[PDB]
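Take a look at this one chain, the form deposited in one PDB entry, written out in structure tokens.
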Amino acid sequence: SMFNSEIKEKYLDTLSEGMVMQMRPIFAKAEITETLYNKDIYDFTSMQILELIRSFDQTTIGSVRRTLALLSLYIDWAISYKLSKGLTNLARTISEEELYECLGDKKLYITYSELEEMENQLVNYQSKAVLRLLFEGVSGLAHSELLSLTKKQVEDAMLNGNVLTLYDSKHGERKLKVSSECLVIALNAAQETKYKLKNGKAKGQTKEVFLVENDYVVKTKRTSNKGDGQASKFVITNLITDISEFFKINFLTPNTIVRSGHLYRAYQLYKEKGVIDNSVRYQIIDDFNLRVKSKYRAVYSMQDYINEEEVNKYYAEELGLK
């Protein structure tokens, strides 16, 4: 049930029915953590608040933000009544980046709105570009479509109905329609000369590093001593690592971002159609001009993630669900 239950009821008794309904599940899930530290939420450290929220296994930044606000209210009450050892509301000190650290460990995919919010906190165009380009499906075997991507293909796409010409090292050319935002971000990435470490929060030392000069959207650091050619596989991984390190998240990989793109498209079709079935999966293959052995085999793989349960989970708010 509840740790420090007497005091909890005291607070619960002050609330509306709706609020009670919201709060009671939180205190019940909290209980295991509270009894682990042998103290109440109102005496939790910041780190303990973030661990707490994660234990609720929430899937979207939207829901984490609402949970945090509910808890901030309980903490102000505990302060007013001097139950709290501490004089200040530790939930209110949680930063925007730290909200990501509250995301549950079941989380595998990012919504479109989380993509946008993440992009807006990332200072390096190398970071923004790789995140968005992957989401929009610029990938290929060993990321060869992304690593061979040039300014010229980007410029050409802007004047060709936003249709990119992509080069894979295994198979041939492929046409992919992307967004204007994707293309403008890529164009900027392809001229970036510097890259700031720890996403512009580097501690003393060397805060920036030089990037190689070339026409590629993805660029090696000068220090890597690789020359002016295409970056390798590891550069994509290194850039995703830096994004992940800033947000302190553990689910973000190149394949996860790619799939997130497909999942967004599924959401859009599901909102209009009301079902996710094989016909939707086929439409997604066509919309991303998906690189496949066969389409039926591809449709089969997609059942793991392109389905109504994953869509209802990640896009509950956008769908108007509880």
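Residue numbers here begin at 1 and follow the sequence given. In this text, the rigid core denotes the largest set of C-alpha atoms whose superposition between the two forms falls within 1.5 Å.
Here the subject shifts to the form deposited in another entry, a form of this protein not shown in this document.
Rigid core superposed between this form and the one not shown, residues 202, 184, 83, 163 considered: the one with a C-alpha shift of 2 Å or more is 83. Taking 2 Å as the criterion, residue 287 does not count as shifted between this form and the one not shown: its C-alpha moves by less than this amount when the rigid core is aligned. Superposed on the core, the two forms barely differ at residue 309: its CA moves less than 2 Å between this form and the one not shown. Core-superposed comparison between this form and the one not shown: the C-alpha position of residue 268 differs by less than 2 Å.
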